[PDB]
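Quick heads-up: it's one chain on its own, the form deposited in one PDB entry, in structure tokens.
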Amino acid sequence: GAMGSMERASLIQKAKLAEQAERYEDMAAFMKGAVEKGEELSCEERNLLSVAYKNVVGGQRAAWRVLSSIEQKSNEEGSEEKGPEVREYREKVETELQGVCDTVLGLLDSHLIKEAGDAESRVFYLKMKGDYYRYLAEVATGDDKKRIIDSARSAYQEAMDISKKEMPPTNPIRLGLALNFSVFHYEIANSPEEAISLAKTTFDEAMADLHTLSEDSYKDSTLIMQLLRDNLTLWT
């Protein structure tokens, strides 16, 4: 606990400051410290945690993609051997990414998920668990790739089952879960038809429930519905 001596409330305050300053590594460290205080997280706090790590790992993923692309070109038929450096540095970024994912997964396993009883918290964390196993799957190539994929699938599936039982079809967490599980199907599980079906059914069921919403709730739900449509347009 590097943050063990800081007050929980101070960690949350500093996470918000780090967000405003676009210091997402700091933000993630502050929110890891907050989680490690052992108390459940409120809605706002869960989203601070998620925003922080999504931004950190998102930057790592973007860098990994650049380096992996350079590496594949160096391996084409006709390339001039540029030694081990591209592979080494891609491996360095990959190991750092895996470490961040393992950290987040560790927080979810110790002990955020087991204490999460409300649908909004439990579905949120299980979505996160699917997301970070999905990021591990994006770089996985060994004896474990299938198991990592199945861990992502299992987390997303439990989240989906709870969300369909306990939340309306326009709930933004339910929508974002389905968006991401659909991308999992398309990009990770080589199941584009499942990806398209899930996105379309999610969109249509949400459409039919929009009439129940306030103007602010409508804005949130239609935002994610547009992402579902964007993906469907990319895939069809």
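All residue numbers refer to positions in the sequence shown, first residue = 1. Throughout, rigid core stands for the largest set of C-alpha atoms superposing within 1.5 Å between the two forms.
Problem - No coordinates for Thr95 in a third or more of the other PDB entries - result: No, modelled in all of them.
Practice task
Say whether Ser79, which has coordinates in the shown structure, is without coordinates in a third or more of the other compared entries.
Solution key: Counting only entries that model residues on both sides, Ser79 is unresolved in at least a third of them.
Practice task
Check the entry's C-alpha temperature factors for 15 to 23 and 211 to 219, then say which stretch has the higher mean.
Solution key: Result: 211 to 219.
Handout entry: 67 to 75 versus 162 to 170 - greater average Cα B-factor per the deposited record
Key = 67 to 75 has the higher mean C-alpha B-factor.
Handout entry: Identity of residue with top Cα B-factor, from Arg90, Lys127, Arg147, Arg134
Key = The C-alpha B-factor peaks, among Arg90, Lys127, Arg147, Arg134, at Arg147.
Exercise for the section: Would you mind checking where the Cα B-factor of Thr141 ranks among the modelled residues of its chain, as the lowest, middle or highest third? Expected result: Within its chain, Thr141 is a highest-third residue by C-alpha B-factor, going by the deposited values.
Problem - Ranked against its chain, the third holding the CA B-factor of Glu94 - result: For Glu94, whose C-alpha B-factor we compare with every modelled residue in the chain, the answer is the middle third.
Practice task
Can you work out whether the C-alpha temperature factor of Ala155 puts it in the lowest, middle or highest third of the chain?
Solution key: Answer is lowest: the recorded C-alpha B-factor places it there.
Practice task
Ordered by C-alpha B-factor within the chain, which third holds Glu44? Give me lowest, middle or highest, please.
Solution key: Ranked within chain, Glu44 CA B lands in the lowest tercile.
Problem - Relative C-alpha B-factor of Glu187, binned into the chain's lowest, middle or highest third - result: Highest third - that is where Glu187 ends up once the chain's C-alpha B-factors are sorted.
In what follows, reference is made to the form deposited in another entry, a form of this protein that is not presented.
Handout entry: Yes/no, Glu19 Cα shift of 2 Å or more between the shown form and the other one with rigid core fixed
Key = Where the cores coincide, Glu19 shows only a C-alpha shift between the shown form and the other one that is less than 2 Å.
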